[PDB]
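A single chain, nothing else alongside it, follows as structure tokens in the form deposited in one PDB entry.
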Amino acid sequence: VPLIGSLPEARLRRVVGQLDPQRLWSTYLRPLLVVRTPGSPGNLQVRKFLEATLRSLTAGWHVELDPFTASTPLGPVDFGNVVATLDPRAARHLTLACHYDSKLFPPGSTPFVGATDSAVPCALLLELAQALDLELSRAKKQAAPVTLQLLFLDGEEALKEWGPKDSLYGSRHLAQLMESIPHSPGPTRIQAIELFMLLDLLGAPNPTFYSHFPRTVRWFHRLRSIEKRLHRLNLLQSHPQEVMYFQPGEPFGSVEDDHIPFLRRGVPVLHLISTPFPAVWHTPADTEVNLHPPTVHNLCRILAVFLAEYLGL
């Protein structure tokens, strides 16, 4: 319950109280729930929405695009990762990541908007940044040596399920780009990532998470402890058992995802992905109505506490 490095209770309740469920849902999630396949108008509109939202935060994040053109099974397609670094001068950062593209389906199909995959992850990152904006701003003004970075990756999904190189367009490109850019102390932007936490497949009822990387299990245990704590504090909804989400062991592994290009370059990863996947995965039923709002807000609360403890907010 109260572990070393945990927020005092009154600090925890104020952090959770800064979250706004209506804002998460309407301001951050709803605008994303459009078809947003790489290169589409909808994808570009979501990119600009992310950029503008992030630039509006009073903490004054450094927000930049990583745009590029890559070969795909459909020919050349443009991709653009959105990279938000709160304090670009800090030595290192906690990096939270997700993908903002939606998987392309055949024409004539019921449109796929990927509510869990990964509109909810994207919206959670925006809500965290906003809810903690005053605290993040003060940490930056105090020149904290560990800042926060948010990555909204493009092109995670295969365009045509056309083999292993038809995937991870944005993350492959960004990891290579970061390895080419000096950082202090660095020596490159890859080494600035103290921990890479990838959110994926979130918002369905009854998710289960396992630790996929022994290297980062301490952070998995922290998330579990936060779940338990929030449960006992009467701060979770529709959560009848003390531990439901963060499970022990590893009955299902990690799957290929946007962490891989980072992992292969030595970055420590925590893969916050439901396994088994949502029932709706990769079907057009992955929509807003099939989300479970209490679970979305429960995850948001867990993550807010994690972020405040990790960064000393």
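All residue numbers are counted from 1 along the displayed sequence. Only residues modelled in both forms are compared. Here the rigid core means the biggest group of C-alpha atoms that line up within 1.5 Å when the two forms are laid on top of each other.
We do not show the form deposited in another entry, though everything after this point is about it.
Checking 182, 214, 163, 75 for C-alpha shifts of 2 Å or more between the shown form and the other one, after the rigid core is superposed, gives a single hit: 163. Relative to the superposed rigid core, residue 251 undergoes a CA displacement of at least 2 Å between the shown form and the other one. If you compare C-alpha positions, residue 196 and residue 163 are 3 angstroms or more closer together in that other deposited form than in the form on display. In that other deposited form, the Cα atoms of residue 218 and residue 250 sit 3 Å or more nearer to each other than they do here. Core-based superposition between the shown form and the other one shows that the consecutive residues, three or more at a time, whose C-alphas shift by 2 angstroms or more lie in 162 to 164, 249 to 254.
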